[PDB]
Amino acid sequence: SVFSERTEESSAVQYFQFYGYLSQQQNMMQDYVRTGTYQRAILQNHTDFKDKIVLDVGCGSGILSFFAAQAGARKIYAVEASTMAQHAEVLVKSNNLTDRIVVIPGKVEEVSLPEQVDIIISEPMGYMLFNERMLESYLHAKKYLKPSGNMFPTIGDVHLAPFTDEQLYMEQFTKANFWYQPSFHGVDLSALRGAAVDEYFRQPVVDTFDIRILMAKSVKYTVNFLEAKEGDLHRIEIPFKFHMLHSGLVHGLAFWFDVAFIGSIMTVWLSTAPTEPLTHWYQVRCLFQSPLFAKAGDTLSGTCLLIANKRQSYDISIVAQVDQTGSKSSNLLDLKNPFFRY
């Protein structure tokens, strides 16, 4: 299938084992902002669901399918690849909705769906929006979408901003300097210090932070799910030019994302920005290998290049320079193995 061709089997085994736990579904469901916003986006746009045919890509426990049912959908196809599909079926029966929701166990790239649908709903966002590569599954499902059907969410915006965090940068060396000693129980460890530094700097940091560390207005990269093809997500080239609002040392780039549900009645936004209540996506920070000094009014330009890999994630190549001075740095990070600092 399309999925097997792009995914290492060992990655997929761990991935769907993770989503097979009720405790993991619960942690998503108890994200009030996440769950409440999906509900309002569906219910408040009821004319997008009443008497419609719906596809739910990666339905988990089924919660979003039940919302589409609350909004009056005539028939909902709920596709789920993990063993959570058996629990969703239990809930469809116990909620007396077997006439309106059919759970289809399997990957959306592999199952057979009988008819075209009016609207696709899904929650395919990962860290920095793109982690997990589920957005490609969501776009792949548009083979089942009628012309002039809709997508919920309709667009995804990933945001990037430069930050200063002296304590985060210095902490990498505090940890790595464990190895910089001549007699750890009699052993000189210091030949491994550089390798330890490199290992730490390749990890994106998942945690949150005070918005006062941000040094410029973010730059936005928009994916329009109604128009994009899954091939568009294999190599994501994000140019940036930041107009610095504050003077100081820039230690890296911070990432968050928004999605918008563009319905016939209204548009509803779900934001994971650090100005908004915290979600289970937190935010993501990638360090430069060396800080760059920038003055307020300088411009910080470069590119963030996301290169998809077969571990359902991306290699992150960042390059940046202060235009008015020529100072430049870079880094290359492995998004599959972030450091959870929160």
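Take the two forms, superpose them, and find the largest set of C-alpha atoms that agree within 1.5 Å; that set is the rigid core. In this text, residue numbers run from 1 along the sequence as written.
- Root-mean-square C-alpha deviation from the shown form, taken over all structures in 9 other deposited structures of this protein superposed by the rigid core, is larger for 167 to 175 than for the alternative among 102 to 110 and 167 to 175.
- In summary, of the stretches 176 to 184 and 225 to 233, 176 to 184 shows the greater Cα distance from the shown form in 9 other deposited structures of this protein, with structures fitted on the rigid core.
- Remark: stretch with higher mean C-alpha B factor among 48 to 56 and 312 to 320 is 48 to 56.
- Set 77 to 85 against 212 to 220 and average the Cα temperature factors; 212 to 220 ends up higher.
- Listed residues 11, 331, 327, 23 were ranked by CA B-factor as deposited; 327 comes out on top.
- Comparing the listed residues 98, 177, 271, 183, the entry records the largest Cα B-factor for 98.
- Sort the modelled residues of the chain by CA B factor and residue 300 lands in the highest third.
- Split the chain's modelled residues into thirds by C-alpha temperature factor. Residue 226 is in the highest one.
- When the modelled residues of the chain are ordered by C-alpha B-factor, residue 239 sits in the highest third.
- Residue 149: CA B factor in the highest third of modelled residues in this chain (values from the PDB entry).
- The PDB entry assigns residue 38 a C-alpha temperature factor belonging to the lowest third of its chain's modelled residues.
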